[PDB]
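Trainee: Below you'll find the sequence and an experimental structure to go with it.
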Amino acid sequence: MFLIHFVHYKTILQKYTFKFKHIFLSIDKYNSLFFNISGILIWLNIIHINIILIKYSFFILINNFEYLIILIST
Amino acid sequence: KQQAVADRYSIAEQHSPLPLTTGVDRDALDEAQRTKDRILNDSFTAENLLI
């Protein structure tokens, strides 16, 4: 039987906060140092030189993977 | 001193017991609790939404 009619209180208080980072926030990426390329030399069958900026080059990279390439002041 | 006017009530206040009872009713206290709850809840919601 029913004796009464009432209004339904509830305590919805969130007072605690637990947020956990999903895994992919910590995954790696590939980051690189970046300087302005002053020049480039490519050689595979035939050598080719491109010069963007002529200055005394303070750093030089050599990379052999497919074609021989030399990145000047890179 | 020159400007003051006393009601009878402010005089009875001095010689008299102190009430342990605010005039707040059962139902009035129900609504107080509900109001506080509702406002607190919406403020926490709002702040989490800014975060």
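Mentor: Looks like it arrived, so ask away. Residues are numbered from 1 along each chain as shown, chains lettered A, B, ... in the order given.

Trainee: tell me which residues in stretch A:64-71 are buried?
Mentor: Buried residues in stretch A:64-71, counting neighbours by 16 or more other C-beta atoms under 10 Å in any protein chain shown, are found at A:69, A:70, A:71. Heads up, the C-betas are built off the backbone N, CA and C, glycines and all.

Trainee: Make JSON lines from the residues you listed and add distance to chain B to it.
Mentor: Compiled in JSON lines, the buried residues of stretch A:64-71 are given as follows (distance: C-beta to the nearest C-beta, whole Å):
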{"residue": "A:69", "distance to chain B": "48"}
{"residue": "A:70", "distance to chain B": "50"}
{"residue": "A:71", "distance to chain B": "44"}
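
Trainee: Among the residues you listed, name the ones in helices.
Mentor: Among those, no member is found in helices (DSSP state H).

Trainee: In space, what's closest to residue A:63 - neighbours in sequence excluded?
Mentor: residue A:69 (4.9 Å; C-beta to C-beta, 6 or more residues apart in numbering or on different chains).

Trainee: give the contact list for that neighbour.
Mentor: Shown in contact with residue A:69 (C-beta atoms under 8 Å, 6 or more residues apart in numbering or on different chains): A:40, A:41, A:42, A:43, A:62, A:63.

Trainee: Drop the exposed ones from these and show what's left.
Mentor: Judged by 16+ other C-beta under 10 Å, buried ones among these: A:40, A:41.
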